[PDB]
Amino acid sequence: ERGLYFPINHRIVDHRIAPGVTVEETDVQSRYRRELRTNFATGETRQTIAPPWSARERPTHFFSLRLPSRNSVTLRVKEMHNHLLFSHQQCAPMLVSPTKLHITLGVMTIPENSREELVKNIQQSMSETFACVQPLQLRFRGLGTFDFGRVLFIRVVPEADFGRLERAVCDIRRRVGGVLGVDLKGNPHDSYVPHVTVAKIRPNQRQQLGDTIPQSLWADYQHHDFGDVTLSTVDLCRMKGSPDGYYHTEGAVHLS
Amino acid sequence: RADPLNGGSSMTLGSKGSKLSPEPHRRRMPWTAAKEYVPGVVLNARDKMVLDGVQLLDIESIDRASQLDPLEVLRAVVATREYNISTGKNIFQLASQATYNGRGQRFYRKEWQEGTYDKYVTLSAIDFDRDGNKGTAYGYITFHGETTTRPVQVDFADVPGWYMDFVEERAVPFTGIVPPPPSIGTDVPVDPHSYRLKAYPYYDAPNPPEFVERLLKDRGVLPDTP
Amino acid sequence: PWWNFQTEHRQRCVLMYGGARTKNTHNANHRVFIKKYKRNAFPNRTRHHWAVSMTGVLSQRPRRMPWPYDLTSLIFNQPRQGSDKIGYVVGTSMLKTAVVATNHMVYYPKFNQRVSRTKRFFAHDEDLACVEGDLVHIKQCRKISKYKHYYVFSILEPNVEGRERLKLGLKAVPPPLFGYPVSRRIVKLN
Amino acid sequence: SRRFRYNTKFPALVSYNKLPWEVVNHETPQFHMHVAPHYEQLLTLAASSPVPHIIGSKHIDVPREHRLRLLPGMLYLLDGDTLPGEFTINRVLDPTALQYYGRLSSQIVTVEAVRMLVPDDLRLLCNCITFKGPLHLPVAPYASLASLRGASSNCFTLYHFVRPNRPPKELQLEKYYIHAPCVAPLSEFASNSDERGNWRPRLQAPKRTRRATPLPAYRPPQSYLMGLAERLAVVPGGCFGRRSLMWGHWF
Amino acid sequence: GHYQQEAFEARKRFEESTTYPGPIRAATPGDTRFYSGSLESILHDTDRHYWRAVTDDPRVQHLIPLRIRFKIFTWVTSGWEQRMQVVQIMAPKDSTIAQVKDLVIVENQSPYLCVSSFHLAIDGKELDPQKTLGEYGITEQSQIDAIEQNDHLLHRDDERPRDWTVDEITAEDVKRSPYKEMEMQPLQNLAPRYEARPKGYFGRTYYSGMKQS
Amino acid sequence: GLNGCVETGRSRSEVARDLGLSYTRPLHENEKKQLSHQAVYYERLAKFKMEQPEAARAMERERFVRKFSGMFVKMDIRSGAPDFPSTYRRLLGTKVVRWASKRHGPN
Amino acid sequence: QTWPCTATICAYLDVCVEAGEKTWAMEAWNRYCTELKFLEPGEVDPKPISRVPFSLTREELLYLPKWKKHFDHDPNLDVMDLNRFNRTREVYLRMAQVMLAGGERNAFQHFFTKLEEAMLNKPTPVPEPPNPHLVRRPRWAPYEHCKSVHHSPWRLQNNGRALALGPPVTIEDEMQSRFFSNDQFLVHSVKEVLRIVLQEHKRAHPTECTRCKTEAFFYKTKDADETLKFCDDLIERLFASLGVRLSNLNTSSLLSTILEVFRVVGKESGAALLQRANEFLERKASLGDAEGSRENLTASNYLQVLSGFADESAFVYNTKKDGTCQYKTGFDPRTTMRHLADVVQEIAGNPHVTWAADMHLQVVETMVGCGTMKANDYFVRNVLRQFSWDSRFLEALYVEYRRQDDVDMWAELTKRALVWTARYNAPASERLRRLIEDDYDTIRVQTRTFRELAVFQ
Amino acid sequence: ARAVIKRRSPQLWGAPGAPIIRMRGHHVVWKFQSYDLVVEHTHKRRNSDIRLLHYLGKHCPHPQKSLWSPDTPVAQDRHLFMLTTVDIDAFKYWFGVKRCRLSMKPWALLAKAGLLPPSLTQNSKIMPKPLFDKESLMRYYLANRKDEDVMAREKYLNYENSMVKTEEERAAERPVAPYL
Amino acid sequence: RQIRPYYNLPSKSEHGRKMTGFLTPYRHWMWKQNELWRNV
RNA sequence: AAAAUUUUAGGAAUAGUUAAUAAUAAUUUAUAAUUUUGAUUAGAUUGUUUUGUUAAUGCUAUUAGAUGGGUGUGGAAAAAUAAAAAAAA
Ligand SMILES: [Mg+2]
Ligand SMILES: [Mg+2]
Ligand SMILES: [Mg+2]
Ligand SMILES: [Mg+2]
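Read top to bottom, the protein sequences are chains S, D, B, W, E, P, Y, G and R.
Residue numbers for the first sequence, in the numbering used here: 1 to 256.
Residue numbers for the second sequence, in the numbering used here: 257 to 482.
Residue numbers for the third sequence, in the numbering used here: 483 to 672.
Residue numbers for the fourth sequence, in the numbering used here: 673 to 923.
Residue numbers for the fifth sequence, in the numbering used here: 924 to 1136.
Residue numbers for the sixth sequence, in the numbering used here: 1137 to 1243.
Residue numbers for the seventh sequence, in the numbering used here: 1244 to 1700.
Residue numbers for the eighth sequence, in the numbering used here: 1701 to 1880.
Residue numbers for the ninth sequence, in the numbering used here: 1881 to 1920.
So this is what it looks like as structure tokens:
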């Protein structure tokens, strides 16, 4: 009586059920708008997906833009942690320490034998790619999820110097994965989605934490604005958490 | 649709038939399925002139002033019995008289044994409801020396068209189980002297001469003078 | 036969050779207006009906007919008329809904000239990109809500000024100074 | 009529025009109506070629816990008469039920007894059918039933476990319709048989000097009839056949 | 059938490829929510609302749309009918059958289904609440039934609800349960007015798989 | 991510979704608190129907029974008219008293 | 001007082979599949879809003419991406088949050699998942409301939930050809070539390869020997190339085709086929070095064995001399039936062999030809109720009936058979009906409908 | 399926039913009356145009003198003429592919044209309707029945494909030297 | 229509139609003949 | 499911109400929706191949037929006199 007789959002045909079934044999009931609920609402993001053989092996090193000291980002993420922990303190193991915040430009697997040839060669190619690029001012607002809501990150908006990043990345992508064959978890002809990972659930953690980060935590910060940052520093990092208190850094390039 | 008459041929509406298919034409109405039916109106229709000059009572008239001479009661019972057989005999009227409620006997309806039509029903079992003359009756259908695999509810068991023939050989006690009679092609080796086939799938009967005379005397080939 | 005179007629049932079989509708009837109301009291606030009212649509003089040929059909090949529209975004007060003002064309064959009219649409932008004052491409689609049949297909021109204006916490566009016209005199001082 | 595409007409939650879901009640005769013609086919299979779980040495034993995730659907044959433990015994003496086992008892082993066994907790069923004497089928040597003493001590039993009030699907009988040849008629010509020399071929049709005896003259039926069974779409007997062929219906 | 093993085997061979670069997501479109027609149609996830001539790489399905069947007693005017209602979830690939019960309980919108405890079962065999869908080989195509507490009592006249056609409905039970909701005493607009199928619909014998006459 | 796909038919929000990009205008508190209210519907619901089944079953009774009462029980061109007062204006004064005007929206 | 993909080329080459026109396949080859490669270690395996799909930048949209923006789905655009799965080996195989079919040895030797070499020394390409459009993804249904198997009290109705009738025709039980390993595909390719040899033989001599229409059926054609030689050399070439590897793959389809070639072209009695197949299998168990445990002949192979027996005993019916029947010169029914009996013993022994209608048909036919007069009993016990049949059964069965002692038995048996036809949904065929009609003076059995006759006159 | 049936113009099945070829014209004085051959549905509405599939032609039921042709001493040509326009591509489409129905009067017409055999309703009341008995028919059939393959091929040529390829056009269509 | 002759099986009923279509065997034979002709 | 075309000489506000959520909410969330580019009520009026005049852009006609729900049958409500549609031999 307060709206349409048949609300338009409720008109749904399921074509993944056989024809004739719903007319005679039985009726099928489901809450159908959990599935139809879109990629903007859920906060999912489609990352470059790995081929199965690459999907098998752990990633070892990654490219990163290092966040400078005195960031808008780091500050606001600290504020966000405060708020989240005051709401639910079950988040505490999920959250990444503000010390480890960095922009992830791509991920890669390096085998341990060819290690030095690869790090030297990579470092060199990287330095050539970024030779001409001056520092990058990028904008961060919004949250998103990788790997079925297990990884919770801060989006990099394509409103700014981001454009340049995309060419820049796509060049190293075509060198590191194209030229010297290296395992980039995706195709070298495809571009990686840059992100700042905030909360994460590792395999070991998953038992006590659960299989997905409940959206009730970060729902309100989903579109929150973390601000602008200029970035001069590119790293190639191996992931060791006890060597310096920051991800162990195998290579570096200065944008100037 | 599944089984048309003469394939689809549409040149007249009547060319199709009185039903397009054996199967029900709308799915929402299953009883429209093609059966073999029976003239229920005439065959129920029992004769009420048999009950003339009788003086029946009712069931719930138990009153002392109400009931009558034992002689009157007897001719009343006989009148009622004659009233119930007045059309033909219902299965349940035949079965109560036979040994073991007539298990094993072959019940044929009148029209099943005349012409090239040959069919009967071997009785598997019977449920008498409190009222006789009604009930449920199950059995095997045997059509032209070919028999059903499993038993089935006998249709139109209540309509009084039925005859049978009592044989002691076919009688089964309620303890045992009525066997299905053998289909003559399979279980029993086909024999000509034991059983001869009336009609077969492509056969049909020759013209009886009186019908021919009549049809020509109709269409005006053979003359007919007043 | 419509080409034969009043006196030339013989049979009214058929056309002898060919031509158009025509029914004469009587155009001159001297139809009149009945006056049921006093000139003082007419039972409508905005408009008054004192004479015979011309009726129909496309039967209406001077004829105004749909013009397929304009900017929109100039740029697009449309499967169905109105399947594509280019317009400006006017207002977003509704989540995932962009209102769009669009122009279309009318032709007056009497004067042999065109007019542009304008019409508003509700378009569905999932993910909420559209800022007031965007130039957008818009398409026909599945029925979405009571009034939304259109979705935002592409942003042709975004509003850079408006976006930077939002980023600073301000409204995309300043709110219009006066609203709709009134027939009163509002005396509001200081 | 064909089944229509999808239901957009009525709300799903309410479900509106739906053929009722058929459910098999074990208290009625109807149960056996469903189960019987399967059993016969099953036994037939067991008479020709082996099937694995058909023959058990002894009664299956399971814990209370795993009772209902192991048993239901299980069907196995035993040599003697022993009734499964913790099962209340019901004799099936009602004739309407007994009736459906007719074909199975005449053309396969004679049925001595039928038993409906219900678990004390009442959620499980066992249909137990005791056969007497040897098969009226021939039994193959390599066949499953050849491993049984009750066939080929003459009594033996079939046991079938099922849940009550379920559709006649999840009593699992339809897996058994694998069809193997009875090799009894050709056993005559194998190199193993010594009666193969008593065989003689007919290669050529014999000269015939007489035509088949002509059928008795046709009597046209005297009673009223319901009209052409062709036009009424009634198959030849109301029994079997196609409506195009009107054979054996009156005229 | 043939499809299932053709695509299974295809996936399994695709995973054993030593050399594959990985797909380019600019060349692998998603699906549209925007297409002609009024109705919103949900399809297979391998399928799209547009025409895509090319066969895309086989993907493992992380959300498996299970169907779980229940028995309902639907009131039709003549009396009660026992019919079937499917509940459809999307259950994550590696989920536990306990969790499947939980997802199923949340998704049903009908007041007449989940009242007591129910056990999931396949072809009459119970499933362990403990173990994974992986072990039981549960796929979309797999047939999953659901069995309530009192369902093995339904052959009696007690648990099976009582129709006001043949049974007293008293001031005891006028205030309780589906009877109360139904409003037996006719109103002017006739109350909730249920579907009706007549008595002679199936003939003298009710609906069956086997032809009984 | 500003352009739509011509052959696919998918909008710009779709190809942006696929390239893993997000264009979104900065939101005021309105849209933020609306969205953040809507995101959580299913968690609230799961908690409700786990922890409190009787209340749920009550509401469901009302809905289910409602579906049989009411104006239209089935969806036909008449019932499934998105704008009822608009497509039937000829009913509005006399027969249909629910609506007092034929137009509530752009069209 | 639509550029055919690899799949399309396959289809058209199938049409070419079956037509036996080489001159089509040659032009088709030359035009389209030339540059078609195989897959090597350096190749990347199924190539990702690379196409952009078509969009417009706002400048493209506004400034271009109308036609440059017009996208109709055009096959040519994705042709690259239909070919991304490398079905090449199929094309090469088909092309071998054509060059053989058109009677040219050098070209055939070329294609088949290329193919062989690549199959041995190059990786197995990743198969394409089932095409959504050609074959449809199965949609979920409950199977609950279904006519039960016993639904009709007169017969066994097959049902959507399960099949009770049994297989009418034996199927080979192999996955679609693209799912094979490279070695497996080598084997498959040889069996394919043999099949084409057979087909070409039947197109050159349709009279001799049709069962019992002419006495010519009982004798080898000249040119059969050169043919069988070709087949011999081919198979020994396959054993020469593939080593111990053959121990690990399915030879079933290959065997059945081999057997059918030595049954049809060269004509070998059933015993000769069983012998041949056993020698072949011994060969396959010996080349692989192991303890044996030979795989038994699968159902299809036995189908070829039995059809071998039926070929053995076959009669040319109704000579114009009003003479009964002509038989293969040097025919012994006793021996034939001996071997058939212990062969069916063998088959029914093995639990993994599924019976079908056609196998039974070969048996029955051999029974009729042998003058056993048990044909009936076998048919009624093992076939009638539990299978769906041709009317071919009733054809050879009729020939059996015709030979009984008195006339009345003949008549009554025939009439009964027709009743069978009406009961079990056999639409008794025109061939059978003619066979019955021919004796109408003797048996007086009417075969035609009333309406059919009327219309006919 | 109408609660109160429209009594005067009943039909068979739901409307609109299978298309039927009808003759219809507005009623007038007999001197001017023409008819229309029309493929339309089974259930008509007030104006016949609402359900009208195709327009097959005009038929004028007035014998006419032929003033179009020169006066011809030939006996037969100076019988009066009856004029009709048939659209036979649409007719063969509708009748053949779409499987129409036919009223009787149009049937008589199209019989005169040579498109159809004379109808069921055209009766010389001189001859009676024939008799039948199956044994005589059987003797005639056994007397004359053609070969199976001949008959199968005739059914092939009449029902399925007519135009076939002689070996010649094969040889002329198969590619020559550079791609052969 | 379906022709109902006077020698069809008369139904004696006051609650319904006076004549049930049921055929004298003659009528059946006749009908069969006519219908053969139209089959032609 | 939509897009176009829509009348009154002198002109003001309209409303079971928009959009998101969803098989939610007689009190879900929100800075909502229609209008002076003329709305809603109210008058008149049966809407986009039919006429008349005329050398002609015009002027001047065109009938008729779809009026809500309330055991919802039916493929589709078009279902309570008023044919001129052959309606299962
Ligand atoms: Mg149909
Ligand atoms: Mg609208
Ligand atoms: Mg009004
Ligand atoms: Mg009313």
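Every residue, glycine too, gets a C-beta built ideally from N, C-alpha and C.
- For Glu902(W), at least one C-beta of chain D is nearer than 8 angstroms to its own C-beta.
- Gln1111(E) is classed as exposed because its beta carbon has fewer than 16 other beta carbons within 10 Å across all chains shown.
- Here DSSP, grouped into helix, strand and coil, assigns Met587(B) to strand.
- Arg494(B) sits in coil when the DSSP states are folded into three classes, being neither helix nor strand.
- When DSSP states are grouped into helix, strand and coil, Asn1491(Y) belongs to the helix group.
- Not one heavy atom of ligand 2 falls within 7 angstroms of the beta-carbon of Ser665(B).
- Taken in chain order, the complete alpha helix (DSSP H) segments of 4 or more residues contained in the region 1140–1167 of chain P are 1148–1154.
- DSSP places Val634(B) inside the beta strand (DSSP E), whose first and last residues are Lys630 to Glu639.
- Look at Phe384(D): its C-beta is not under 8 angstroms from any C-beta on chain R.
- Take the alpha-carbon of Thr355(D) and the one of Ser380(D): they are about 14 angstroms apart.
- Taking a beta-carbon distance threshold of 8 angstroms, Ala18(S) counts as an interface residue toward chain Y.
- DSSP places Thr1331(Y) within a helical segment (H, G or I) once states are collapsed to three.
- Taking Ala1407(Y) as the centre and dropping the five residues before and after it, the same chain places the C-beta of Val1392, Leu1399 and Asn1401 closer than 7 angstroms to its C-beta, in chain order.
- Using a cutoff of 7 angstroms, the CB of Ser1158(P) does not count as near ligand 2, since none of the ligand's heavy atoms is closer than that.
- By alpha-carbon distance to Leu904(W), the top candidate from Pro260(D), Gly360(D), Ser274(D) and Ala461(D) is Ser274(D).
- Contact of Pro1828(G) with chain D by beta-carbon distance below 9 angstroms involves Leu472, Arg475, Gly476 and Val477.
- Between the alpha carbons of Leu1637(Y) and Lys1016(E) lies a gap of roughly 54 angstroms.
- Listed along chain Y, no residue sits closer than 7 angstroms to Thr48(S) by beta-carbon distance, the nearest being about 12 angstroms off.
- With at least 16 other beta carbons inside 10 angstroms of its own, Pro857(W) counts as buried.
- For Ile1414(Y), no beta strand (DSSP E) encloses it, and the DSSP letter there is neither H nor E.
- Of all residues in the region 274–285 of chain D, only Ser274, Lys275, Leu276, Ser277, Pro278, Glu279, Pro280, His281, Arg282, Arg283 and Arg284 come within less than 9 angstroms of chain W when Cβ atoms are compared, listed by chain position.
- A direct Cα-to-Cα measurement between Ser1131(E) and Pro1885(R) gives close to 40 angstroms.
- Listed in chain order, the non-local C-beta contacts of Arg1148(P) below 7 angstroms within the same chain comprise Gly1137, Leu1138, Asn1139 and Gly1140, local neighbours out to five positions each way being set aside.
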